[PDB]
file protein_33.cif (mmCIF, C-alpha atoms)
data_data
loop_
_atom_site.label_atom_id
_atom_site.label_comp_id
_atom_site.auth_asym_id
_atom_site.auth_seq_id
_atom_site.Cartn_x
_atom_site.Cartn_y
_atom_site.Cartn_z
CA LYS T 3 117.93 48.65 20.09
CA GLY T 4 118.19 44.87 19.96
CA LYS T 5 114.47 45.47 19.21
CA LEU T 6 114.61 47.45 15.92
CA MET T 7 117.64 45.75 14.32
CA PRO T 8 115.68 42.58 15.22
CA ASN T 9 112.53 44.52 14.31
CA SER T 10 110.03 43.10 16.81
CA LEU T 11 107.00 44.74 15.17
CA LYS T 12 107.96 43.37 11.75
CA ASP T 13 108.37 39.83 13.07
CA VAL T 14 104.93 39.96 14.71
CA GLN T 15 103.51 41.49 11.54
CA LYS T 16 104.92 38.59 9.52
CA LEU T 17 103.52 36.09 12.02
CA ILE T 18 100.07 37.62 11.59
CA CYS T 19 99.99 37.40 7.78
CA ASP T 20 101.42 33.89 8.09
CA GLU T 21 98.97 32.38 10.56
CA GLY T 22 96.19 34.88 11.15
CA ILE T 23 94.55 35.02 14.54
CA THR T 24 95.82 31.80 16.16
CA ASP T 25 96.24 30.94 19.83
CA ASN T 26 99.97 31.28 19.11
CA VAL T 27 99.47 34.80 17.72
CA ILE T 28 97.26 35.72 20.69
CA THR T 29 99.92 34.47 23.10
CA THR T 30 102.56 36.48 21.24
CA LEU T 31 100.35 39.56 21.34
CA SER T 32 99.65 39.20 25.06
CA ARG T 33 103.41 39.19 25.78
CA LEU T 34 104.06 42.54 24.04
CA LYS T 35 104.60 45.51 26.32
CA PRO T 36 101.48 47.74 26.22
CA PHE T 37 103.34 50.49 24.37
CA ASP T 38 104.56 47.99 21.79
CA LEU T 39 101.07 46.55 21.36
CA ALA T 40 99.59 50.00 20.69
CA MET T 41 102.47 50.90 18.39
CA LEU T 42 101.74 47.70 16.46
CA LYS T 43 98.10 48.52 15.79
CA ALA T 44 98.99 52.10 14.86
CA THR T 45 101.71 51.36 12.28
CA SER T 46 100.81 48.17 10.39
CA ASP T 47 99.73 47.50 6.82
CA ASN T 48 96.00 47.35 6.21
CA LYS T 49 95.98 43.54 6.14
CA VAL T 50 97.49 43.29 9.64
CA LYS T 51 95.19 46.08 10.89
CA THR T 52 92.17 44.15 9.59
CA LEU T 53 93.24 41.02 11.45
CA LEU T 54 93.82 43.03 14.63
CA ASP T 55 90.27 44.41 14.15
CA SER T 56 89.00 40.87 13.43
CA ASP T 57 86.19 39.30 15.48
CA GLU T 58 88.62 36.58 16.57
CA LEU T 59 90.77 39.08 18.51
CA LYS T 60 87.94 40.92 20.28
CA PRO T 61 88.13 38.75 23.46
CA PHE T 62 91.85 39.53 23.71
CA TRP T 63 91.21 43.27 23.43
CA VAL T 64 88.30 43.19 25.88
CA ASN T 65 90.56 41.60 28.50
CA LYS T 66 93.23 44.28 28.02
CA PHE T 67 90.54 46.96 28.18
CA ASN T 68 89.09 45.56 31.41
CA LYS T 69 92.46 45.31 33.20
CA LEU T 70 93.10 49.05 32.81
CA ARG T 71 93.26 50.78 36.17
CA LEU T 72 94.08 54.26 37.37
CA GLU T 73 97.18 55.03 39.42
CA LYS T 74 95.30 56.71 42.29
CA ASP T 75 91.70 55.42 42.46
CA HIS T 76 92.10 51.64 42.10
CA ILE T 77 88.37 50.86 42.05
CA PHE T 78 87.72 52.93 38.89
CA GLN T 79 86.86 50.94 35.78
CA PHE T 80 86.40 52.09 32.19
CA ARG T 81 82.96 51.47 30.68
CA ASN T 82 82.20 50.30 27.16
CA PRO T 83 83.45 53.17 24.88
CA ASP T 84 80.20 53.26 22.84
CA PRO T 85 81.09 53.17 19.03
CA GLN T 86 84.83 53.31 19.65
CA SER T 87 86.20 49.79 19.98
CA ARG T 88 87.82 48.84 23.28
CA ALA T 89 90.96 48.06 21.24
CA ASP T 90 91.13 51.62 19.92
CA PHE T 91 90.31 52.97 23.38
CA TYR T 92 93.10 50.87 24.89
CA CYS T 93 95.81 51.70 22.35
CA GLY T 94 95.00 55.42 22.28
CA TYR T 95 95.00 55.54 26.08
CA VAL T 96 98.29 53.64 26.31
CA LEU T 97 100.03 55.99 23.86
CA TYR T 98 98.54 58.97 25.70
CA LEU T 99 99.98 57.69 28.97
CA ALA T 100 103.32 57.15 27.20
CA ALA T 101 103.24 60.73 25.90
CA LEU T 102 102.88 62.02 29.47
CA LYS T 103 105.90 59.99 30.69
CA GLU T 104 107.91 61.79 27.99
CA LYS T 105 106.73 65.32 28.76
CA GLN T 106 109.35 66.57 31.24
CA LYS T 107 112.08 64.19 30.11
CA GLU T 108 112.44 64.27 26.33
CA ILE T 109 109.52 66.45 25.17
CA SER T 110 110.23 65.16 21.65
CA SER T 111 108.55 61.77 22.01
CA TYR T 112 105.72 63.57 23.82
CA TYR T 113 104.53 65.27 20.61
CA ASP T 114 104.86 62.09 18.55
CA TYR T 115 102.98 59.79 20.92
CA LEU T 116 100.23 62.34 21.60
CA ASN T 117 99.74 62.76 17.83
CA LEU T 118 99.41 59.01 17.35
CA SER T 119 97.03 58.70 20.28
CA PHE T 120 94.77 61.41 18.77
CA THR T 121 95.22 61.06 15.00
CA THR T 122 95.17 57.27 14.78
CA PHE T 123 92.97 56.24 17.73
CA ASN T 124 90.96 59.46 18.49
CA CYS T 125 91.78 59.23 22.18
CA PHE T 126 89.74 61.83 24.08
CA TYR T 127 92.52 62.46 26.58
CA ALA T 128 95.00 63.26 23.79
CA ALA T 129 92.50 65.70 22.26
CA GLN T 130 92.11 67.32 25.69
CA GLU T 131 95.86 67.42 26.23
CA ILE T 132 96.48 68.88 22.77
CA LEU T 133 93.86 71.60 23.27
CA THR T 134 95.17 72.46 26.74
CA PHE T 135 98.66 72.89 25.29
CA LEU T 136 97.47 75.06 22.39
CA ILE T 137 95.19 77.15 24.64
CA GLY T 138 98.01 77.67 27.13
CA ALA T 139 100.47 78.81 24.47
CA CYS T 140 97.96 81.49 23.41
CA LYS T 141 97.64 82.63 27.02
CA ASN T 142 101.41 83.23 27.28
CA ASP T 143 101.88 84.63 23.73
CA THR T 144 98.55 85.95 22.43
CA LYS T 145 99.79 86.80 18.91
CA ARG T 146 97.48 86.22 15.96
CA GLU T 147 99.65 83.38 14.68
CA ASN T 148 98.97 81.21 17.74
CA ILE T 149 95.26 82.08 17.82
CA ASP T 150 94.93 81.01 14.19
CA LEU T 151 96.63 77.70 14.87
CA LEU T 152 94.32 77.01 17.79
CA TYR T 153 91.37 78.03 15.60
CA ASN T 154 92.58 75.85 12.72
CA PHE T 155 92.89 72.76 14.90
CA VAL T 156 89.46 73.18 16.48
CA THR T 157 87.76 73.68 13.11
CA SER T 158 89.66 70.78 11.49
CA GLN T 159 89.17 68.22 14.27
CA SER T 160 85.65 69.27 15.35
CA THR T 161 83.78 66.40 13.66
CA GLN T 162 86.21 63.79 14.95
CA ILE T 163 86.20 65.14 18.48
CA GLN T 164 82.36 65.17 18.59
CA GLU T 165 82.54 61.38 18.30
CA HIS T 166 83.08 61.59 22.05
CA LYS T 167 79.45 62.95 22.35
CA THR T 168 78.93 65.24 25.35
CA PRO T 169 82.55 65.44 26.64
CA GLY T 170 83.80 66.04 23.09
CA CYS T 171 81.31 68.88 22.58
CA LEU T 172 82.29 70.40 25.94
CA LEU T 173 85.95 70.18 24.96
CA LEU T 174 85.23 72.04 21.74
CA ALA T 175 83.02 74.65 23.40
CA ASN T 176 85.76 75.36 25.90
CA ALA T 177 88.33 75.87 23.13
CA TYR T 178 85.91 78.19 21.31
CA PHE T 179 85.27 80.20 24.49
CA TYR T 180 88.99 80.80 24.94
CA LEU T 181 89.32 81.55 21.22
CA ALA T 182 86.52 84.15 21.43
CA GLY T 183 88.38 85.80 24.29
CA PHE T 184 91.71 85.75 22.45
CA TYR T 185 90.20 87.23 19.28
CA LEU T 186 88.60 89.94 21.43
CA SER T 187 91.87 90.87 23.12
CA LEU T 188 93.28 91.68 19.64
CA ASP T 189 90.14 93.66 18.60
CA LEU T 190 89.20 91.04 15.96
CA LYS T 191 85.55 91.42 16.92
CA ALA T 192 84.01 89.42 14.05
CA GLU T 193 86.15 86.40 14.81
CA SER T 194 85.29 86.70 18.50
CA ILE T 195 81.57 86.76 17.74
CA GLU T 196 82.03 83.73 15.49
CA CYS T 197 83.77 81.72 18.21
CA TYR T 198 81.20 82.60 20.83
CA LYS T 199 78.56 81.34 18.38
CA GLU T 200 80.37 78.05 17.78
CA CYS T 201 80.80 77.76 21.54
CA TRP T 202 77.03 78.07 22.11
CA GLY T 203 76.27 75.53 19.38
CA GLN T 204 78.66 73.02 20.97
CA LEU T 205 77.18 73.63 24.44
CA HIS T 206 73.73 72.99 23.01
CA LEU T 207 74.89 69.82 21.24
CA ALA T 208 76.44 68.66 24.54
CA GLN T 209 73.14 69.29 26.36
CA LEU T 210 71.25 67.27 23.74
CA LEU T 211 73.71 64.36 24.05
CA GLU T 212 74.06 64.18 27.83
CA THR T 213 71.53 61.41 28.49
CA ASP T 214 73.25 59.20 25.89
CA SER T 215 76.80 60.09 27.06
CA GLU T 216 76.98 58.71 30.61
CA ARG T 217 79.62 56.09 29.77
CA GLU T 218 81.63 58.74 27.91
CA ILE T 219 81.28 61.13 30.82
CA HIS T 220 82.36 58.45 33.26
CA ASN T 221 85.41 57.61 31.12
CA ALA T 222 86.29 61.15 30.00
CA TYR T 223 86.53 62.64 33.51
CA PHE T 224 87.28 59.42 35.45
CA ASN T 225 83.95 59.54 37.36
CA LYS T 226 84.66 63.02 38.71
CA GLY T 227 81.74 64.68 36.90
CA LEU T 228 81.56 67.58 34.48
CA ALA T 229 83.28 70.10 36.79
CA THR T 230 86.64 69.99 34.99
CA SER T 231 85.02 70.23 31.52
CA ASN T 232 84.70 73.99 31.78
CA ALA T 233 86.30 77.12 33.17
CA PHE T 234 83.59 77.81 35.75
CA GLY T 235 83.87 74.38 37.34
CA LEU T 236 80.11 73.84 36.95
CA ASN T 237 78.29 70.50 36.76
CA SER T 238 75.23 71.80 34.83
CA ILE T 239 75.31 72.62 31.12
CA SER T 240 72.40 75.03 31.53
CA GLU T 241 74.52 76.89 34.10
CA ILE T 242 77.64 76.96 31.89
CA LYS T 243 75.38 78.40 29.18
CA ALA T 244 74.11 81.04 31.60
CA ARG T 245 77.61 82.20 32.56
CA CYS T 246 78.90 82.04 29.01
CA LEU T 247 76.11 84.40 27.92
CA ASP T 248 76.90 86.78 30.83
CA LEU T 249 80.39 87.45 29.47
CA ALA T 250 79.62 87.02 25.76
CA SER T 251 76.87 89.64 26.20
CA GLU T 252 76.08 91.36 22.90
CA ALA T 253 78.05 88.76 20.89
CA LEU T 254 75.14 86.32 21.40
CA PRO T 255 71.76 88.05 20.98
CA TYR T 256 68.77 85.73 20.97
CA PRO T 257 68.36 85.20 17.17
CA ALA T 258 72.00 84.14 16.98
CA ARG T 259 71.70 81.72 19.90
CA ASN T 260 68.52 80.38 18.27
CA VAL T 261 70.31 79.68 14.97
CA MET T 262 73.15 77.78 16.67
CA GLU T 263 70.66 75.88 18.82
CA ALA T 264 68.79 74.79 15.70
CA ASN T 265 72.05 73.77 14.01
CA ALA T 266 72.89 71.69 17.09
CA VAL T 267 69.47 69.99 16.83
CA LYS T 268 70.06 69.33 13.12
CA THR T 269 73.34 67.57 13.89
CA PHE T 270 71.74 65.59 16.70
CA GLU T 271 68.91 64.12 14.61
CA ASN T 272 71.10 63.79 11.49
CA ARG T 273 74.21 62.22 12.99
CA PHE T 274 73.40 60.84 16.42
CA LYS T 275 70.04 59.35 15.29
CA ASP T 276 69.86 56.66 17.99
#

call {"tool": "encode", "arguments": {"input": "protein_33.cif", "output": "structure tokens"}}
result
Amino acid sequence: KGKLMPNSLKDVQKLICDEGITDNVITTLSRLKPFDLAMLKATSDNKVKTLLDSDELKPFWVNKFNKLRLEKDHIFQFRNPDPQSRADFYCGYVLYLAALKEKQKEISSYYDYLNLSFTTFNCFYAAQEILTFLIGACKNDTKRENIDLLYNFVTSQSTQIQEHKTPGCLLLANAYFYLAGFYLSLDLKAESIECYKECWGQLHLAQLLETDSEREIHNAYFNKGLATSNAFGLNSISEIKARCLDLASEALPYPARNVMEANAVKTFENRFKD
């Protein structure tokens, strides 16, 4: 730690309040390791965060964003992340990748980096990873305590995760579908019905958003399509809906589907106007 006794982040932070976005600051920033760059934007005072969000630094962030490549498929390229800045996309994605390095080795840093990648930067992949972990813990130990923590997360982070348009809604619907099954396995029928309903509303919102979500869909699943967004491995939202209703059965009679569908429409015209 000749990097936190000589606190590297604090020296860069000082340099930014001193000079603001200079060519010297940009050169310093470009030399940070990716992890350190993302850690800097996550943990700085609001004056430094403003300057990192400044219009002067956007070219720097675009270049970082456009150099991102996958390990396997080296032709893949991330597309403009819609209302999320490329800077926030980049930093969230870097911390998410760092979390995964720390999963086997040293699971401690895994939870911290994943929480930064989601809480601070609303990285879709961190959301997905967090929900997969919570869902999986309920599959191994389906006690009401775990179900209620899964349920609490989904209900708390719903609005923020829907910022990812169709893939966000399909992430939420998938968590609700598992929730409805968990609640049913413990005979909590009312909660099961309620999760099936939220699931249908999210599937409808996803359907409504699909034509405006292509860049999200490309980024969220790395150009592999919607197959891994759902437990049936289907590419069509109308088909997911069909097979959800098959198993939900009497939990989702038509008037109840119709009410969630109309709520989904409300949200669409009220929040995703354009």

call {"tool": "closest_residue", "arguments": {"input": "protein_33.cif", "among": "T:167, T:206, T:105, T:141", "to": "residue T:261", "atoms": "all atoms listed in the file"}}
result
T:206

call {"tool": "resolve_selection", "arguments": {"input": "protein_33.cif", "expression": "the PyMOL selection byres ((chain T and resi 259) around 10)", "output": "ChimeraX atom specification"}}
result
/T:198-200,202-203,206,247,253-258,260-265

call {"tool": "closest_atom_pairs", "arguments": {"input": "protein_33.cif", "of": "stretch 253-276 of chain T", "to": "stretch 146-166 of chain T", "cutoff": "12 Å", "atoms": "all atoms listed in the file", "output": "Markdown table"}}
result
| residue | atom | partner | partner_atom | distance |
| --- | --- | --- | --- | --- |
| T:266 | CA | T:164 | CA | 11.6 |
| T:269 | CA | T:164 | CA | 10.5 |
| T:270 | CA | T:164 | CA | 10.8 |
| T:273 | CA | T:165 | CA | 9.9 |
| T:274 | CA | T:165 | CA | 9.3 |

call {"tool": "residues_near_point", "arguments": {"input": "protein_33.cif", "point": "(100.1, 55.4, 19.6)", "cutoff": "6 Å", "atoms": "all atoms listed in the file", "output": "list in words"}}
result
residues 40, 41, 44, 94, 97, 115, 118 and 119 of chain T

call {"tool": "resolve_selection", "arguments": {"input": "protein_33.cif", "expression": "the PyMOL selection byres ((chain T and resi 125) around 8)", "output": "VMD selection string"}}
result
chain T and resid 90 to 91 94 to 95 98 119 to 120 123 to 124 126 to 129

call {"tool": "closest_residue", "arguments": {"input": "protein_33.cif", "among": "T:195, T:51, T:231, T:75", "to": "residue T:171", "atoms": "all atoms listed in the file"}}
result
T:231

call {"tool": "residues_around", "arguments": {"input": "protein_33.cif", "residues": "residue T:221", "least_positions_apart": "5", "cutoff": "9 Å", "atoms": "only C-alpha atoms", "output": "ChimeraX atom specification"}}
result
/T:79-83,216

call {"tool": "decode", "arguments": {"input": "protein_33.cif", "residues": "stretch 125-139 of chain T", "atoms": "N, CA, C and O atoms", "output": "short mmCIF file (atom, residue, chain, number, x, y, z; two decimals), in the first residue's frame"}}
result
data_model
loop_
_atom_site.label_atom_id
_atom_site.label_comp_id
_atom_site.auth_asym_id
_atom_site.auth_seq_id
_atom_site.Cartn_x
_atom_site.Cartn_y
_atom_site.Cartn_z
N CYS T 125 -25.10 -0.24 -12.78
CA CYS T 125 -24.67 -1.20 -13.79
C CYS T 125 -25.68 -2.34 -13.88
O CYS T 125 -25.97 -2.99 -12.88
N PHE T 126 -26.19 -2.58 -15.09
CA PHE T 126 -27.13 -3.67 -15.32
C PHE T 126 -26.55 -5.01 -14.91
O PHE T 126 -27.25 -5.86 -14.35
N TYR T 127 -25.28 -5.26 -15.24
CA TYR T 127 -24.72 -6.58 -14.97
C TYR T 127 -24.61 -6.83 -13.47
O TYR T 127 -24.79 -7.97 -13.04
N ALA T 128 -24.37 -5.79 -12.68
CA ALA T 128 -24.32 -5.95 -11.23
C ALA T 128 -25.70 -6.27 -10.67
O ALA T 128 -25.85 -7.21 -9.88
N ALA T 129 -26.72 -5.51 -11.09
CA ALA T 129 -28.12 -5.86 -10.83
C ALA T 129 -28.38 -7.33 -11.12
O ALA T 129 -28.88 -8.07 -10.26
N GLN T 130 -28.07 -7.77 -12.34
CA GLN T 130 -28.30 -9.17 -12.71
C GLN T 130 -27.55 -10.12 -11.79
O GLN T 130 -28.10 -11.13 -11.33
N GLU T 131 -26.28 -9.82 -11.53
CA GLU T 131 -25.49 -10.66 -10.66
C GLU T 131 -26.08 -10.69 -9.25
O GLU T 131 -26.23 -11.77 -8.65
N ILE T 132 -26.46 -9.53 -8.72
CA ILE T 132 -27.05 -9.50 -7.39
C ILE T 132 -28.33 -10.34 -7.33
O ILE T 132 -28.54 -11.11 -6.39
N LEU T 133 -29.19 -10.21 -8.35
CA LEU T 133 -30.45 -10.95 -8.31
C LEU T 133 -30.22 -12.44 -8.46
O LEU T 133 -30.88 -13.25 -7.80
N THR T 134 -29.27 -12.83 -9.31
CA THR T 134 -28.94 -14.24 -9.44
C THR T 134 -28.46 -14.82 -8.11
O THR T 134 -28.84 -15.93 -7.73
N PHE T 135 -27.63 -14.08 -7.39
CA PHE T 135 -27.16 -14.55 -6.10
C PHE T 135 -28.31 -14.70 -5.11
O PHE T 135 -28.44 -15.73 -4.44
N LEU T 136 -29.16 -13.67 -5.01
CA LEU T 136 -30.27 -13.73 -4.07
C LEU T 136 -31.25 -14.83 -4.44
O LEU T 136 -31.74 -15.54 -3.55
N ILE T 137 -31.56 -14.97 -5.74
CA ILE T 137 -32.48 -16.03 -6.18
C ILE T 137 -31.90 -17.39 -5.85
O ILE T 137 -32.61 -18.28 -5.38
N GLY T 138 -30.60 -17.57 -6.10
CA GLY T 138 -29.98 -18.86 -5.85
C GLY T 138 -29.94 -19.22 -4.37
O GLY T 138 -30.06 -20.39 -4.02
N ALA T 139 -29.75 -18.23 -3.49
CA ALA T 139 -29.77 -18.54 -2.06
C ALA T 139 -31.15 -19.00 -1.60
O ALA T 139 -31.25 -19.83 -0.69
#
